[PDB]
Amino acid sequence: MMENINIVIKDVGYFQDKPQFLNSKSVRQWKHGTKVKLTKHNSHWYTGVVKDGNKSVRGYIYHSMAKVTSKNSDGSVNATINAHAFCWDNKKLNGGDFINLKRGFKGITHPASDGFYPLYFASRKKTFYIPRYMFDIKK
Ligand SMILES: CC(=O)N[C@@H]1[C@@H](O)[C@H](O)[C@@H](CO)O[C@H]1O
Ligand SMILES: CC(=O)N[C@@H]1[C@@H](O)[C@H](O)[C@@H](CO)O[C@H]1O
């Protein structure tokens, strides 16, 4: 028996514990419009720091999920979170073919044991994958 899941791409940007989407934890899932301070980490990632109680925690967020509104003197930048997700044509979640899925994108996927949820795009000829943490299942 095959099954289908109705999913909605979350209204958040992904502040991960590493500059990678695969095998990373969310330090923050900042609602769209959240104001943050960040530093450029590499060509595609920003980094910054939050407080988990008494502990400083470093996080990484993809360049397209942070709209830079001003640059500070000290090299850091002020940005507003631009919430969106990705699906990839590979289970590395790193380059290849990927689609920017707008916040609130409604999709249908299938139960995935390995946590790479399939999205068939009609207009493309192929399967893309989205990790669990980028969407909600409507109950
Ligand atoms: C990513 C981000 O915005 N980090 C800031 C940090 O830079 C700042 O020192 C602190 C002040 O409370 O609050 C955190 O939210
Ligand atoms: C959405 C996506 O996977 N983007 C990746 C980025 O994470 C990575 O830093 C870089 C490696 O050079 O290649 C980009 O294509």
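What counts, and where the lines are drawn
- Residues numbered from 1 in each chain as written, not as in the entry; some residues may be left out.
- Chains lettered and ligands numbered in written order.
- Heavy atoms only, no water.
- Helix = DSSP H or I, 4+ residues; strand = E, 2+ residues; numbered from the N terminus.
- Buried < 20%, exposed > 50% of the residue type's maximum accessible area, 1.4 Å probe, protein only.
- Contact = heavy atoms within 4.5 Å.
- Polar contact = N/O pair within 3.5 Å; in protein donor to acceptor, adjacent residues only side chain to side chain.
- Near = heavy atom within 4 Å.
- Areas by Shrake-Rupley, 256 points an atom, 1.4 Å probe, with all protein chains shown as cover.
- Nonpolar A, V, L, I, M, F, W, Y, C, P; charged D, E, K, R; others polar.
- Salt bridge = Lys/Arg side-chain N within 4 Å of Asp/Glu carboxyl O.

- Structure determination for this entry is recorded as X-ray crystallography, at 2.2000 Å resolution.

## What about the environment of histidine 32?
Now for step 1: Along the polypeptide, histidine 32 turns up in the loop between β3 (26-31) and β4 (35-40).
Now for step 2: The partly exposed category is assigned to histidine 32, whose relative accessible area is 29%.
Now for step 3: C-alpha of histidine 32 to C-alpha of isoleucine 81: the two residues are 49 residues apart in sequence and 5.3 Å apart in space.
Now for step 4: Not counting the four nearest positions on each side in its chain, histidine 32 is found in contact with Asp11, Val12, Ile81, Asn82, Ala83 and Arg103.
Now for step 5: Of the polar contacts made by the side chain of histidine 32, one reaches the backbone nitrogen of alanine 83; its length is 3.0 Å.

## Section: the site of ligand 1
Now for step 1: Around ligand 1, the structure places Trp30, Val36, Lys37 and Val49.
Now for step 2: Take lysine 37: an N or O atom from its main chain is 3.0 Å from an oxygen atom of ligand 1.
Now for step 3: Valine 49 is positioned with one of its backbone polar atoms (N or O) 2.7 Å from a nitrogen atom of ligand 1.
Now for step 4: Look at ligand 1: alone it shows 370 Å² of surface, and the protein chains cover 48% of it.
Now for step 5: When grouped by side-chain class, the residues that make up the shell around ligand 1 number three nonpolar, no polar and one charged.

## Here we look at the pattern of salt bridges
Now for step 1: Using the criterion set out here, one finds eight salt bridges in the structure.
Now for step 2: One salt bridge connects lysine 31 with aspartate 11, and the closest N-O pair in it is separated by 2.9 Å. Residue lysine 31 is located in strand β3, and its partner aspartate 11 is located in the loop between β1 (5-9) and β2 (12-16); the two are separated by 20 residues in the primary sequence.
Now for step 3: The exposure class of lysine 31 is exposed, given its relative accessible area of 52%.
Now for step 4: Looking at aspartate 11, the relative accessible area reads 25%, which means it is partly exposed.

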